[PDB]
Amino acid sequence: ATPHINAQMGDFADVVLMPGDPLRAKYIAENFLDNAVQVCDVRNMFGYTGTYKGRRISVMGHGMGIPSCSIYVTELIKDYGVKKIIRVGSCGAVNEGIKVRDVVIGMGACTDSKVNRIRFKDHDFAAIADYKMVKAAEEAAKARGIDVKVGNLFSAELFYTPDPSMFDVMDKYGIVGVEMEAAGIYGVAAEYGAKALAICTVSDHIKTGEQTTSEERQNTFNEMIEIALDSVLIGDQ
């Protein structure tokens, strides 16, 4: 009943996992959730609701970029009663302390977008995740024997950046991964009084160009999804 989501109140759980690709949302629903049913498909932005260890959880794509994910997250919170959003994505690393296949958590998200300046009187709004969600994801990873790197993501406006020198600045300031949405999701969560978190797997190294096999990448993605879902159960305690 919203312009970008053809669902009804109650169709989504109060916690929604969101990759950018709607086909990754389909993959998560089919392989990690039990009895997941599709709840939306406007603009092919697929969303599903099923259970994980008996707990109701939804998964839906958010598209690429701050403006796209802002629309979906805003509607989920204000029109569907969603309380927590976990972006589950991929990112490029810029620092030598971070390696391909690492799992990173954006406790903060830097950005070159103007959206938070539009909201915050042109001052610096520190786009941050919800602390308890970060803690739950780090504890879930520790229980699985995975060491997550917690720090700042960089949410880029231009994937094909006209300023590649900025990657060196990100490296110097310890950015853990480059993606295009966390700062926008965090801005919406603060504006609408909800909670969010962005967890990402490092799929490529922007500075080194390091590569891996498709199998290795899929394995890391799977590990990250399990951590996100386990974190929901820890968060419920």
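A residue's number is simply how far along the shown sequence it sits, counting from 1.
Higher mean CA temperature factor between 46-54 and 177-185: 46-54, per the PDB entry. Between 19-27 and 223-231, the higher mean Cα B-factor belongs to 223-231. If you compare the C-alpha temperature factors of 108, 97, 92, 164 in the entry, 97 comes out highest.
Among the modelled residues of the chain, residue 207 sits in the highest third by CA temperature factor in this PDB entry. Residue 75: CA B factor in the middle third of modelled residues in this chain (values from the PDB entry).
The entry lists a Cα temperature factor for residue 102 that places it in the highest third of the chain's modelled residues.
For residue 114, the recorded CA B-factor ranks within the lowest third of the chain. Only modelled residues enter the ranking. Ranked against the other modelled residues of its chain, the C-alpha B-factor of residue 129 as given in the entry falls in the lowest third.
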